[PDB]
Amino acid sequence: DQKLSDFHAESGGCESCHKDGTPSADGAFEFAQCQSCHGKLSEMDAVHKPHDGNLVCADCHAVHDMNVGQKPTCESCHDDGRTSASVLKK
Ligand code: HEC
Ligand code: HEC
Ligand code: HEC
Ligand code: HEC
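Numbering (PDB author numbering), first residue to last: 2 to 91.
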């Protein structure tokens, strides 16, 4: 296993996401960095799209905590048992 943060740091350092390699308080800088490479939520799949304007990437992708390949789940914010699968293949 590799954390997602470590995977990215191999290709650009901690500074790929963080000013001077140091986290911001707000997370806005980091969100802007994610979007600079990956684009906007509105241009992503059905899991991503309805979160445009209400979440930042880090609200689901806890890049230091989560392995490469590990999918965020949904129960922290929704109470119906939805999954990425139940929405992608709605
Ligand atoms: C983007 C893919 C990242 C890479 C590369 C690294 N980090 Fe990160 N880290 C990222 C986010 C989105 C966040 C949360 C939001 C924010 O404001 O940063 C974090 C958080 C941290 C923190 C914790 C901050 C806090 O608790 O106050 C630290 C200390 C941190 N990140 C350090 C760090 C280092 C040393 C990295 C290189 C090895 C590194 N991060 C890479 C996203 C990303
Ligand atoms: C450009 C310098 C990037 C920044 C900044 C961030 N990401 Fe990234 N990410 C980038 C590449 C080139 C790749 C590899 C291709 C791939 O899609 O694997 C990635 C990968 C991810 C992944 C994994 C996707 C997968 O293969 O299943 C995720 C989930 C991801 N990146 C998320 C993400 C977030 C939340 C960021 C900000 C905290 C972020 N990336 C920054 C390039 C770049
Ligand atoms: C929770 C509502 C999420 C937010 C906000 C973001 N992502 Fe996400 N991402 C999430 C899941 C559950 C998954 C796996 C299922 C899927 O829809 O593919 C992903 C996956 C990605 C990937 C890989 C996509 C692929 O085609 O394999 C990437 C690169 C990714 N996510 C990046 C990403 C970025 C950069 C975000 C902010 C703009 C972002 N995600 C938000 C869940 C959630
Ligand atoms: C909190 C940090 C969230 C997580 C984790 C996930 N979602 Fe979410 N979602 C969130 C907000 C703030 C909103 C805006 C509307 C609302 O519920 O208040 C959404 C919206 C959706 C939607 C649109 C339909 C609806 O329920 O309103 C979908 C289809 C959706 N979210 C799916 C989804 C999935 C599949 C998640 C797990 C991968 C997920 N969300 C996580 C906040 C948050």
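Don't be surprised by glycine CBs; every beta carbon is placed ideally from N, CA and C.
Residues that residue i bridges to, as DSSP identifies them
i	result
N68	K4
Neighbourhood of residue i by C-beta distance below 7 angstroms, restricted to the same chain and skipping five residues each side
i	result
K41	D53
Opening and closing residue of the alpha helix (DSSP H) in which residue i lies
i	result
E31	29 to 39
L42	Neither: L42 is in no alpha helix (DSSP H) and is coded neither H nor E.
Neighbourhood of residue i by C-beta, 8 angstroms cutoff - its chain only, sequence neighbours within 5 removed
i	result
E76	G82
With 16 other Cβ atoms within 10 Å as the buried cut-off, status of residue i
i	result
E16	exposed
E44	exposed
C18	buried
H65	exposed
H39	exposed
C58	buried
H79	exposed
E11	exposed
heavy atom of ligand 5 below 6 angstroms from residue i C-beta
i	result
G54	You won't find ligand 5 in this model; what it holds is ligand 1, ligand 2, ligand 3 and ligand 4.
Could you name the residues whose beta carbon sits closer than 6 angstroms to any heavy atom belonging to ligand 3, keeping them in chain order? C35, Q36, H39, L42, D46, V48, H49, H52, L56, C58, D60, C61, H62, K72, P73, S85, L89
Of all residues in the structure, which have a C-beta closer than 6 angstroms to any heavy atom of ligand 1, taken in chain order? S6, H9, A10, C15, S17, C18, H19, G22, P24, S25, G28, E31, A59, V64, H65
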